[PDB]
Amino acid sequence: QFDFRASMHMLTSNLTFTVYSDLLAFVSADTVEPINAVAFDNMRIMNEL
Amino acid sequence: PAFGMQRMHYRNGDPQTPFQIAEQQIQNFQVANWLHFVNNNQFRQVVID
């Protein structure tokens, strides 16, 4: 039977979101001048002359 | 190449110019006496008249 008072329900969710899909559209990276480009040790790659 | 030594790894921006770093690495006497004059050839600031 459709017992009305026993079949209602309180659905609890949030008020507002702002769903962002892609995240690396926010940072804006740069590069130092490639003659001052540093390897894993702190001398520079292509150092020699 | 005249002495058969290995050609020098001279990195960019070393504080020693490659005649001042090849009077120590060379073992002759007459071409290490000319490389001493070039490393210490300087103007002599004197006041005249």
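Residues numbered from 1 in each chain as written, not as in the entry; some residues may be left out. Chains lettered and ligands numbered in written order. Part of a larger assembly, values for the part shown. Heavy atoms only, no water.

- Per the PDB record, the structure was determined using cryo-EM to 3.6 Å resolution.

1. Description of the interface of chain B and chain A
- The interface of chain B with chain A comprises 4 residues on the first partner and 4 residues on the second.
- When the two sides are added together, the surface that chain B and chain A hide from each other amounts to roughly 440 Å², 47% of it contributed by carbon and sulfur.
- Three residues stand out in chain B for area buried against chain A, namely B:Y10, B:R11 and B:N12, and they jointly supply 85% of the buried area on that side.
- For the pair chain B and chain A, the interface holds 0 salt bridges.
- Across the side of chain B that touches chain A, the residue classes break down as 1 nonpolar, 2 polar and 1 charged. (Contact = heavy atoms within 4.5 Å. Buried area = accessible area lost by both parts, 1.4 Å probe. Salt bridge = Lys/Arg side-chain N within 4 Å of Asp/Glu carboxyl O. Nonpolar A, V, L, I, M, F, W, Y, C, P; charged D, E, K, R; others polar.)

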